[PDB]
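What follows is a short report on a single structure.
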Amino acid sequence: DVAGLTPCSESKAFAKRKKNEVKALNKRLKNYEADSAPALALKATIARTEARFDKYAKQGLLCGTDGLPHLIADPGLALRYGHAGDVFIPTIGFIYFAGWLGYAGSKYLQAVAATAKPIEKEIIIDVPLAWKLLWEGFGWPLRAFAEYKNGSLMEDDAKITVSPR
Amino acid sequence: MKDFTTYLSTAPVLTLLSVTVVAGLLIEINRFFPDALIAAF
Amino acid sequence: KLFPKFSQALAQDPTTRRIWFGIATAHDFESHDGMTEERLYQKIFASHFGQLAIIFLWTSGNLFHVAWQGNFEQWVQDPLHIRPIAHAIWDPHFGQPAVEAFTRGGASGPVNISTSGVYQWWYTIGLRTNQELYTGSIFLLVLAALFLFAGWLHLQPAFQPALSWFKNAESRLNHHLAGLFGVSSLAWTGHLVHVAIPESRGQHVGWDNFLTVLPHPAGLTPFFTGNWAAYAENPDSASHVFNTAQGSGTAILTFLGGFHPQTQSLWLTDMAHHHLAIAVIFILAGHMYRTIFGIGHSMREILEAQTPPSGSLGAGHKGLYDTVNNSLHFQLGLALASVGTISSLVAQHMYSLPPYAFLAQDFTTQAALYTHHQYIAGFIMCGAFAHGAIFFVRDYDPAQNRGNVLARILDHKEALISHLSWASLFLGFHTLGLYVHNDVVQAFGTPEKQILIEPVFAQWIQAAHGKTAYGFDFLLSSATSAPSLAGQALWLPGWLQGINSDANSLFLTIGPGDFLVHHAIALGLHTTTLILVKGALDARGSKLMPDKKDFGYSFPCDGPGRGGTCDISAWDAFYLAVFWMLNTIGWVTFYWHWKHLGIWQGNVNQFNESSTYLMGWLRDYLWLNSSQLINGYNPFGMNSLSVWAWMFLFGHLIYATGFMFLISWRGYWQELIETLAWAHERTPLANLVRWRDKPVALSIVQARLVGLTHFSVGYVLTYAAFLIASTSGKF
Amino acid sequence: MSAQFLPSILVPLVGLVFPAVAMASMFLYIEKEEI
Amino acid sequence: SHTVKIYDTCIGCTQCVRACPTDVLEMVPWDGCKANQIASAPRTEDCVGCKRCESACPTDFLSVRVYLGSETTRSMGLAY
Amino acid sequence: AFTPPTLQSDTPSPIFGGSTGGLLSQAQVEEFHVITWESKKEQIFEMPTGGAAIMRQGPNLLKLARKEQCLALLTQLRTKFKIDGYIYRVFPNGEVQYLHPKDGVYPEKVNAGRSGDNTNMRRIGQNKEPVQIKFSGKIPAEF
Amino acid sequence: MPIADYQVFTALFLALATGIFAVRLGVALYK
Amino acid sequence: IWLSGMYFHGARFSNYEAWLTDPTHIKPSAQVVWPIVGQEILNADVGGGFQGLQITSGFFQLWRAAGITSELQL
Amino acid sequence: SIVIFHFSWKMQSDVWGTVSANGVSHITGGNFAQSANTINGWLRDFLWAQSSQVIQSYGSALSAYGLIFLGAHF
Ligand code: CLA
Ligand code: CLA
Ligand code: CLA
Ligand code: CLA
Ligand code: CLA
Ligand code: CLA
Ligand SMILES: CC1=C(/C=C/C(C)=C/C=C/C(C)=C/C=C/C=C(C)/C=C/C=C(C)/C=C/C2=C(C)CCCC2(C)C)C(C)(C)CCC1
Ligand code: SF4
Ligand code: SF4
Ligand code: SF4
């Protein structure tokens, strides 16, 4: 409980939702020989649904007045309640992968800018160079913080063109 | 060959290839690790 | 060919344009021929007098129609079982069934049922009979005549005030803060205490006997002896019946907080005390600036000293006094921004803290008032930004405003525009993505895979106000905290009682659906601000058009050169932002209406579960609630909701028409009209009639204006019809 | 209500007589050529 | 009755005067450029506003500059 | 010096079958235009009002409504036929102006003896500020 | 007690007077 | 290529042979979806002991009019 | 679009249906003849009414048609 939200493993509405959705799939089953391809597909679907509902209850997600899992988007109020996997950990994971792709693209631009025909190396990518830079982009937190502490990441506005006010 | 590989490096083909690779990867991850709502480690 | 008396350039126009543009430029006095600053200010002053006359006549007409054709006397007796009548209907196209269907609130003939909430207001402020309404109407009619006479009086060279009188800002602020605001609310407190409070306790106080009635049994001695607490001795009991004397009390300046149990509105003594405090504060604030008595402030010196050292702001606010004072569009933009934000404030408070008796009890009035003031605020905000753009194009002097915050904010405009772009892109991408994800996983029959973020920050703030529902137990929700111990004897009993009850709109419970909708609102505000701010800053010139200020605020384009420059002017930025303002206010009103429609039926679950995906909005809101509206007239007859069904289709038609002007552009129409001109000059029996004005297709900017006006009118009419017919039908 | 006849006279005045007269006067004035 | 101006950044390339469809721009002798010629707009009563002149100027920023203004029968391009 | 030629009214017109794009009521109240050229062979050309006409040997005259139609026709002649023509402006009272080849020399070639009207000797941003010229019945680019 | 006819007529006459004041102010503004 | 795809899907992922026997109650289908993200629900209970999307291209009626009556011929 | 709307309503109202051994019971019941005369008739008796099967398609095999219907609106 973090804000009037009982753990889904306790909420009765969550188990009721599990029950109802499984009962619907059972009603769909009761029409085929339990060895035909449709019957096997339905049985696999029911197994998948049961696995999902047990997995959600195991991880202690919070269910509301209705039986639906809720997430917490405040560090500290999710780290002292064991719910950091809801937003904070995926926040780190995204920020990392997004930065990886962005840094790989940025370094590819800065690498093909200093060539003979920079406008040509954007529509006909150099795949070995792109792949090398894609591999080097994994350390992007380190390299980006190095360039910020170095001052080489950014450009002074006296050199960027601007509009006539 | 060299020109064929140059064609395979063009933005229309390489973009489509990379989107296909990433899509296939996400599809595989969701096929083996489905219904993952949180980063449970 | 001399109609545009103010514009010689348009007078010589041989086409129909001279009429169109001759109307749309009638109030832009600064662009008129032979115009001086003195004359501009005098003409503006007289126009303001005309505006106040219009406002007083409109309110007098409302009062007269309610007194004459309304059922106010009947509504006073049974405020909850009577439908307030607006005005009578006299239409010679009505069939008999329509006359049958529009005879409603007991009136002898067809009538309109009022959704403006003026009945509740006049009932709350002390008006009980129709003779009082008629007296108010007559007094306001005379007052409008007096303001008209003053407006004519000050247009006269014997009475015309000099230009230096208008620019006197210190005296004007002194008199508006202390006199227009302070004394006016002081007199409102006087009315409340002398009339509205006693009329709320069964006693009748009128012009006949107000000098023979003590508002307090020990009148005026506690006030002058400092024993002020004697004016809050016995307040209104929790079993008080409004308009009657069942447990009335003698206190006139109470501070109970919360709501009246029966009316579900604010206590009237609370509002009297409110206005007393406001009066004192505003008079004190009105004694701040220097006039002719050798004390006070020179605002110029204040602005000249607000320059931080280290030069973070540059020259600080050096030259802002003259900048604001000399430019009328700067002042107009500031006033519009303030008035629009206050209109939004009025809308957001008056539903959660209803101030009028038996308001909130009536549901269509709540929705109507909220949506009205929200749309008004949205339009006013667009106007504030439009006039900021006009200030930059017209009245901005780089030499005077050199190094001050205005120049500094023009200096780095790309940072502002790029960061607005990032914020809007983020909000749009993510709110749309979450809505689509919820919608897809619901579509596949697995609603438990929904991303339902909890609004823990807003829930935490709600808990800080004493809402003991999320278990935060933070500030006012902790009966032991310092703010709780401080207010537990003044205001906190009633306030906590109101906030912790689900019978009102005071701080509604919020879940994931509220999170998603608030982020949609954030997307709307940020994108509208992006368009408006970009068009205001990118108005003196772009990289594409470095000399844009040489062309003015409004112009079509810059030809098809340099790739094409359609919609390049700042006026076109205002044009494009009006659409986003409409969309954002539509989201806000949709959210409010569905939340409260779930609230009023007791079925909070419908919203709380169906609002996390977009098909829930399309099906459980628009489609479900439109059943009674579209059934207003049908092959089996019609009911009172036929007018709203017709208005529904009417707004649809207007909006669809506006697309014609928005999509098709001047060039197909010119050739088409010109073929028509060949047809007319060239057909027998019609050559005897010729046009005095050469018929030409609407101009580019004019057509954009026409399409935008149709779009806005259709939007407003359609939503108003849906709202009124969907709330009044069910309640 | 009182003066039941009064709307039946005022409504045609404001929705037919006044609009036609105002439009005629306005169209005469915008084409007055010399004001 | 559009206001057409020519500024000294002109290089006298004759593009603006071949572009114009109504013969408003013209070549006159000058000395502030290598071609020893500049454009001029004497017949500006004929300017329609098409800005073909302004779309052909190679100078940055543009040397021939049109400011649409008052509208007449010639400026509005009316054949009826 | 140069002397503009005189409009000879008795000139053969191109063989044309009649069009719905010809003159209108504007040519009887305001003014219209006339274009004259000299054809080295009788040949088919495209009249700017739709359709095709045949220009005859020698002098040809053709009257249109707008000046721009006449110049479009003349540009067609100069490109696809290498024929040089003259554009006169006819008023309905009888007055005749002479328009396009104003100095006998075409507008793209320097004539030395032309008027440099509307030629500012400042750049584009060197114009005055609108706040300085407020309430003046002009625009910043004519000071 | 509904308002009487003479009250309606007095109101309408005073409205006419106010309209006269309005037209005076309007023509003053047009000048 | 498009026609080959249509006939191949009719031959492999369609209930054509089941639909021939009872054309009045079996709903024509010729496209099945995978299990990958709960999209299995899209497999309709069309009939013939089959699960798939319900086609509306009129290919079954066309093939019957041609006179097919086998999934080898497709 | 107007042509296909006309075809859909006319066929669902005056042709398509089931025979109940005593008369044809059409899908919509014949409301085209009396309700198509007005714009509100099209908005209510054809477009609001017949959209009930698409907005209530979540969790079924037609759920995809419920998504595209929304998605196309985007
Ligand atoms: C690697 C290329 C790259 C990089 C490093 C950036 C970086 C940035 N962009 Mg940008 N952008 C890009 C490509 C890139 N962009 C492209 C191709 C487009 C056209 C669609 C845009 C359109 C765009 C807009 C409209 C905006 C930005 C903005 C921004 C800034 C905010 C961060 C952000 O979330 O942007 C958002 C990113 C996107 C909207 C799309 C990203 C495009 C893909 C995902 C990346 C391309 C990778 C490349 C194709 C692969 C090369 C790898 C190599 C091995 C070959 C940031 C500095 C915002 C800003 O103004 O700054 C505050 C802003 O509003 N970008
Ligand atoms: C400006 C609004 C206003 C007006 C016009 C009046 C007028 C009146 N009040 Mg009242 N009153 C008001 C506000 C007002 N009051 C407020 C805000 C409160 C408290 C919430 C009260 C509470 C009150 C009580 C309890 C009583 C009255 C009474 C009276 C009547 C007797 C006159 C009097 O008070 O003795 C004369 C006043 C003085 C000798 C000194 C007053 C001078 C003050 C302190 C300064 C004036 C400056 C002021 C800002 C000017 C504003 C201009 C404005 C009036 C246009 C009188 C008709 C008494 C009565 O007999 O009931 C009929 C009575 O007992 N009033
Ligand atoms: C205190 C409020 C206020 C004031 C005093 C002004 C004053 C002024 N504005 Mg302004 N403005 C405001 C608010 C205000 N505005 C707001 C809220 C907006 C946002 C919409 C705008 C947006 C705006 C723009 C874009 C422009 C001005 C302009 C001007 C100047 C000339 C006005 C004009 O051209 O008249 C002409 C008046 C009209 C043409 C009226 C048009 C008809 C309306 C818009 C719609 C009519 C449809 C009708 C309601 C439908 C009937 C309903 C029924 C059928 C159901 C003038 C000084 C112009 C300017 O400064 O020039 C540079 C300019 O271009 N304003
Ligand atoms: C449903 C209609 C619609 C939509 C979706 C948008 C969306 C957007 N508008 Mg827009 N607008 C609209 C109507 C709409 N507008 C109308 C009618 C007008 C009046 C002309 C305007 C006028 C307007 C202006 C003036 C501006 C915008 C801006 C923006 C962008 C704001 C940033 C954002 O929210 O990021 C969120 C991004 C999205 C919501 C796009 C969705 C992402 C797609 C769907 C993902 C791609 C999936 C897939 C690969 C698609 C390709 C598949 C296909 C090729 C097979 C955004 C993309 C502002 C802007 O440019 O941003 C900086 C801007 O200033 N709008
Ligand atoms: C609902 C929106 C709407 C409406 C009403 C129209 C209407 C019209 N369009 Mg248009 N169009 C639209 C959307 C719309 N369009 C959009 C979105 C586009 C972008 C693609 C276009 C693009 C377009 C083009 C390219 C053309 C038209 C043309 C026309 C005209 C054809 C003549 C006609 O239809 O007969 C009659 C008109 C009507 C039936 C309109 C309704 C009027 C009512 C039924 C009767 C009028 C009496 C009235 C109620 C009484 C007066 C009341 C009093 C207070 C004044 C017509 C006025 C064509 C045209 O100009 O003429 C051929 C033309 O070529 N439109
Ligand atoms: C400005 C507010 C206002 C509004 C919106 C209306 C609206 C209406 N009135 Mg009403 N009226 C008003 C003020 C107003 N009135 C006032 C202050 C009085 C007191 C004298 C009256 C007395 C009155 C009577 C006796 C009647 C109406 C009636 C009507 C209805 C039919 C209109 C008509 O033909 O009557 C004509 C209206 C008049 C002859 C006088 C109204 C003059 C107002 C003040 C015009 C103000 C102009 C406005 C502010 C600016 C708009 C610009 C415009 C000039 C182009 C209509 C709904 C009739 C009705 O009941 O229909 C069933 C009816 O018989 N009114
Ligand atoms: C464009 C332009 C313009 C215009 C602008 C605008 C329009 C602006 C605005 C804006 C706006 C419209 C804003 C708003 C605002 C507000 C704010 C910003 C606020 C606030 C507040 C606070 C901070 C609060 C606090 C508190 C709380 C928290 C609660 C309780 C109470 C208290 C008080 C404590 C101008 C001409 C001028 C200039 C130039 C150009
Ligand atoms: S299409 Fe219209 S707005 Fe765009 S450049 Fe051409 S004339 Fe200007
Ligand atoms: S196109 Fe520009 S640079 Fe060239 S002659 Fe004309 S004005 Fe001068
Ligand atoms: S705008 Fe057109 S008509 Fe005017 S000068 Fe330029 S090219 Fe000539």
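Every residue, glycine among them, receives a Cβ derived from its backbone with ideal geometry; neighbour counts consider all protein chains shown. Derivation of every value follows stated rules applied to the coordinates shown; laboratory data play no part.
Descriptive notes on the structure:
- Test result for E:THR3, away from ligand 9 (no atom under 11 Å from the Cβ) and β-branched (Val, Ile, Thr): yes
- Any hit, the range C:550-569, residues being within 30 Å of C:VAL405 (Cα to Cα), within 14 Å of chain E (Cβ to nearest Cβ), within 16 Å of ligand 7 (Cβ to nearest atom) and out of contact with any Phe, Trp or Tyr (no Cβ under 8 Å at 6 or more places or on another chain): no
- Of the residues making up the range H:23-53, those that are closer than 20 Å to A:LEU29 by Cβ and polar (S, T, N, Q) are H:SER29, H:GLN39, H:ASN43, H:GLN51.
- Remark: pairs (first residue in the range C:654-675, within 11 Å of C:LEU698 (Cβ to Cβ); second residue more than 13 Å from ligand 8 (Cβ to nearest atom) and basic (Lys, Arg); Cβ separation under 7 Å; 6+ apart in sequence or on different chains) are absent.
Here is a yes/no grid of residues against (1) assigned to a helix (DSSP H, G or I); (2) surrounded by 13 or more Cβ atoms within 10 Å (Cβ to Cβ); (3) touching a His at 6+ places or on another chain (Cβ under 9 Å):
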residue	(1), (2), (3)
B:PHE4	yes, no, no
B:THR15	yes, no, no
B:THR20	yes, no, no
B:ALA23	yes, no, no
B:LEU37	no, yes, no
B:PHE41	no, no, no
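- The helices (runs of 4 or more DSSP H) falling completely within the range E:7-80 that include 1 or more residues that are away from ligand 10 (no atom under 14 Å from the Cβ) and within 14 Å of chain C (Cβ to nearest Cβ) map to E:73-76.
- Any chance C:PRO455 is within 14 Å of chain I (Cβ to nearest Cβ) and not acidic (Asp, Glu): no
- For F:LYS82, the conditions (1) of a type outside the set (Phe, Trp, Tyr); (2) within 12 Å of another protein chain (Cβ to nearest Cβ); (3) assigned to a loop (DSSP other than H, G, I, E, B) are fulfilled apart from (2).
- In the set (1) in a helix (DSSP H, G or I); (2) in contact (Cβ under 8 Å) with a residue 24 or more places away in the chain; (3) in contact with a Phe, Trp or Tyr (Cβ under 9 Å, 6 or more places away or on another chain), the condition left unmet by A:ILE89 is number (2).
- The set of residues in the range E:31-53 being within 20 Å of C:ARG562 (Cβ to Cβ) and surrounded by fewer than 22 Cβ atoms within 10 Å (Cβ to Cβ) consists of E:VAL48, E:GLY49, E:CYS50, E:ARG52.
So that you can scan it fast, the table gives a plain yes or no per residue for (1) among the hydrophobic types (A, V, I, L, M, F, W, C); (2) within 16 Å of ligand 4 (Cβ to nearest atom):
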position: C:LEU532; (1), (2): yes, yes
position: C:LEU544; (1), (2): yes, yes
position: C:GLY561; (1), (2): no, no
position: C:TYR575; (1), (2): no, yes
position: C:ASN583; (1), (2): no, yes
position: C:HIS593; (1), (2): no, no
position: C:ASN603; (1), (2): no, no
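- Checking each residue of the range C:701-723 against the condition of being out of contact with any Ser or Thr (no Cβ under 8 Å at 6 or more places or on another chain) and either charged (D, E, K, R) or within 16 Å of ligand 6 (Cβ to nearest atom) (or both) gives at least one match.
- In summary, C:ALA272 fulfils each of the numbered conditions (1) assigned to a loop (DSSP other than H, G, I, E, B); (2) crowded, with 19+ Cβ neighbours inside 10 Å; (3) among the small types (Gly, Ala, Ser) with the single exception of condition (1).
- Verdict on C:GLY445 being within 16 Å of ligand 1 (Cβ to nearest atom) and surrounded by 17 or more Cβ atoms within 10 Å (Cβ to Cβ): no
- With respect to the conditions (1) away from ligand 3 (no atom under 16 Å from the Cβ); (2) farther than 30 Å from C:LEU192 by Cβ, C:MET381 falls short on a single one, namely (1).
- Some residue of the range C:14-26 being of a type in the set (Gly, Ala, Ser) and touching a residue at least 60 places away in the same chain (Cβ under 8 Å): yes
- For C:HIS349, the criteria (1) within 29 Å of C:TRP267 (Cβ to Cβ); (2) touching a residue at least 24 places away in the same chain (Cβ under 8 Å) hold in every case but one, which is (2).
- Applying the condition of being among the small types (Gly, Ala, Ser) and in contact with a helix residue (DSSP H, G or I) (Cβ under 8 Å, 6 or more places away or on another chain) to the range C:573-623 and asking which residue is farthest from the other protein chains (Cβ to nearest Cβ) yields C:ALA577.
- Verdict on C:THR59 being part of a loop (DSSP other than H, G, I, E, B), away from ligand 5 (no atom under 16 Å from the Cβ) and away from every other protein chain (no Cβ under 11 Å): no
- Every residue from the range C:173-192 that is closer than 19 Å to C:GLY136 by Cα, out of contact with any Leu (no Cβ under 8 Å at 6 or more places or on another chain) and not small (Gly, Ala, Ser): C:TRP188, C:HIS191
- Helices (runs of 4 or more DSSP H) within the range C:302-409 that include 2 or more residues under 30 Å from C:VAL588 (Cα atoms): C:328-352, C:363-394
- Condition check for C:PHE139: under 20 Å from G:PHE13 (Cβ atoms), away from ligand 4 (no atom under 16 Å from the Cβ) and in contact with a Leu (Cβ under 9 Å, 6 or more places away or on another chain): no
- Residues in the range C:628-678 that are farther than 25 Å from C:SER712 by Cβ, out of contact with any helix residue (DSSP H, G or I) (no Cβ under 8 Å at 6 or more places or on another chain) and either within 16 Å of ligand 7 (Cβ to nearest atom) or assigned to a helix (DSSP H, G or I) (or both): C:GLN670, C:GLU671, C:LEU672, C:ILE673, C:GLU674, C:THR675, C:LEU676, C:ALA677, C:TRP678.
- Filtered residues of the range C:498-532 (kept if among the acidic types (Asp, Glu) and either out of contact with any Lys or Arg (no Cβ under 9 Å at 6 or more places or on another chain) or more than 21 Å from C:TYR351 (Cα to Cα) (or both)): C:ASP502
- Residues that are part of a loop (DSSP other than H, G, I, E, B), among the small types (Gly, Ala, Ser) and within 14 Å of chain H (Cβ to nearest Cβ), drawn from the range I:39-66: I:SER57, I:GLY59, I:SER60, I:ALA61
Yes or no, residue by residue, for (1) in a helix (DSSP H, G or I); (2) of a type outside the set (D, E, K, R); (3) out of contact with any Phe, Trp or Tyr (no Cβ under 8 Å at 6 or more places or on another chain):
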residue: C:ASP91; (1), (2), (3): no, no, yes
residue: C:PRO97; (1), (2), (3): yes, yes, yes
residue: C:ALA107; (1), (2), (3): no, yes, yes
residue: C:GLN120; (1), (2), (3): yes, yes, no
residue: C:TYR134; (1), (2), (3): yes, yes, no
residue: C:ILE138; (1), (2), (3): yes, yes, yes
residue: C:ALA144; (1), (2), (3): yes, yes, no
residue: C:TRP152; (1), (2), (3): yes, yes, no
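- Of the numbered criteria (1) within 12 Å of another protein chain (Cβ to nearest Cβ); (2) crowded, with 22+ Cβ neighbours inside 10 Å; (3) part of a loop (DSSP other than H, G, I, E, B), the one C:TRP68 fails is (3).
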